[PDB]
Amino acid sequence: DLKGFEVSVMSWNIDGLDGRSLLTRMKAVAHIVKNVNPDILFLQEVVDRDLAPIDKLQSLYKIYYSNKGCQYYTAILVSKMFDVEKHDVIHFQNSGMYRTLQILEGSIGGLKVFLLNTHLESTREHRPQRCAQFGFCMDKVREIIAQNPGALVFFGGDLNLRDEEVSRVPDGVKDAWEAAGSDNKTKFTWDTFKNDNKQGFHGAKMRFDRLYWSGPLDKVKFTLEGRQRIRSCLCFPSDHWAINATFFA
C-alpha cells in the first residue's frame, strides 16, 4: 500500500542572472540541497557561469537541464533510483524570455511520476503571457492525469503569480502550500522586505513559487528553505526562498 510512502519536492529560483557573489551563492545552494536532501529538486534561473557546485550534485542526483547553453534555464534533479522514461522541453510559443515547460516522466519504485517544472513569464507587464502559460500548463496536467490514472503528478516552479491570475486548476489538483494549511509563516517565497539581495523594490511580498500535485498521496508538509544569510559575502543564496514539500499517505 502507499502508507509509509513519502516523497519530498523542493523548488528554487536560484537567481543565476545576478552575477554578484555567484560562485559563493551556488556553493551555498548546493550546500543547502545536501542538508534538506529532497528526493526531487526543481531549479529555475540556472546559468552556465559558476555552475560547477550545482553540476557536482550529479554524484547524488540525475540532473536534467531544460536548455543548457541558453542565457538561463531550468533543471530537474532526481534520485538515481528514479527511472527516466521521457524528458520533454516545451518552449512557450508566446514567450520572449526562452521560457519552457520542462517535463520529466519516470517512476520511482512502482509509482509513475510526472515532473513539470517551469519559470513563467516575468513582471507585471507580462500578465497576458503568464496567464496563458499557466492555463496551458494546467491543461497539460489535466491531460497527463487523464492518461495516467494513479500517477503522481507534480507541477510548479517560479510561476510569478499574483493570486488573481490563477485560472483553471483541475479538481483533484491541489496547491501544496494551501493543502498544508495556508500557513502565514511559509506563505511568501519572494519577500523584498526580508530579502535584500535586490534593491529598488520597496517591501513587496509575493507567493511566486508554488507546487501543485495530483495523485494517491493526500497529505503534504510544506516549509521554506535558504532563508539564512551567507556569512562570507553577507547575501542570501537567492532573492527567492526555496519551497520544500513532503508528500505522504
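Numbering starts at 1 and runs along the sequence shown.
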Residue stretch of maximal mean CA temperature factor, 165 to 173 vs 119 to 127: 165 to 173
Residue range whose averaged C-alpha B-factor is higher in the record, 39 to 47 or 186 to 194: 186 to 194
Most elevated Cα B-factor in the entry, residues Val29, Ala204, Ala180, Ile63: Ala204
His87 CA temperature factor, ranked by third within the chain: lowest
Lowest, middle or highest third - CA B-factor, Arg142: highest
Where the record places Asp218 (Cα B-factor, split into thirds across the chain): highest
Among modelled residues of the same chain, the CA temperature factor third for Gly157: lowest
Among modelled residues of the same chain, the CA temperature factor third for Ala132: middle
